[PDB]
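Novice: sequence, then the experimental structure. Questions to follow.
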Amino acid sequence: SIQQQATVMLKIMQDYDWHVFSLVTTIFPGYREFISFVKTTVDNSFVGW
Amino acid sequence: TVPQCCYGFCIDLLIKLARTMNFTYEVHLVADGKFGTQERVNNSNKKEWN
Ligand SMILES: *[C@@H]1O[C@H](CO)[C@@H](O)[C@H](O)[C@H]1NC(C)=O
Ligand SMILES: *[C@@H]1O[C@H](CO)[C@@H](O)[C@H](O)[C@H]1NC(C)=O
């Protein structure tokens, strides 16, 4: 699903030392969950980059 | 969770605040017995304090 693919992409960003990123999304209805998940992971700061 | 008798500077300040702002004090000790900060635990996915 989108949730686990997002985690894999965030692990890829952890690798290669990529810390700054921008979100570009379409009006596709199936990506509001993606935006919410990315925002929640950004709010998660106890671990990770 | 037996009731103890804790007192000192902080309780005096709390009593002053309660008298000045109509507060009621229900002092209870922290279960963890520590100040509590950010730390990593099992299933490290959510950000939480202790
Ligand atoms: C809190 O401050 C406001 C503004 O000064 C005051 O009107 C109010 O009475 C205060 N609260 C108490 C419990 O006194
Ligand atoms: C505290 O409560 C009593 C009764 O409820 C009231 O008469 C008194 O004015 C209150 N104190 C303040 C600072 O508002």
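Specialist: Okay, I see it. Numbers count the residues shown, from 1 in each chain, chains lettered A, B, ... in the order given. Ligands and ions are numbered 1, 2, ... in the order given.

Novice: wait, what's in contact with residue A:38?
Specialist: By Cβ atoms under 8 Å, 6 or more residues apart in numbering or on different chains, residue A:38 lies in contact with A:6, A:23. Using the backbone N, CA and C atoms, a C-beta is placed for each residue, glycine as well.

Novice: dihedrals phi and psi, it?
Specialist: The phi/psi pair for residue A:38 (degrees, to the nearest 10) reads phi -60, psi -40.

Novice: could you pull out the helices for chain B?
Specialist: Ranges of helices within chain B are B:9-21, based on DSSP state H.

Novice: host element of residue A:9?
Specialist: According to DSSP states H and E, residue A:9 maps onto helix A:2-14.

Novice: how near is residue B:47 to residue B:12?
Specialist: Distance of residue B:47 to residue B:12, computed by Cβ to Cβ, to the nearest Å: 35 Å.

Novice: what about the two, which has more around it?
Specialist: In this view residue B:47 and residue B:12 are compared by other Cβ atoms under 10 Å in any protein chain shown, and residue B:47 has more residues nearby, 14 against 10.

Novice: now the most centrally placed residue in chain B: how far from chain A?
Specialist: By Cα atoms, centre = their mean, chain B has its centre lying nearest to residue B:30, at 5.3 Å. Relative to chain A, residue B:30 is positioned 19 Å away (Cβ to the nearest Cβ, to the nearest Å).

Novice: hmm, residue B:49 and that residue touching each other?
Specialist: No: Residue B:30 lies out of contact with residue B:49 (Cβ atoms under 8 Å); the separation is 11.4 Å.
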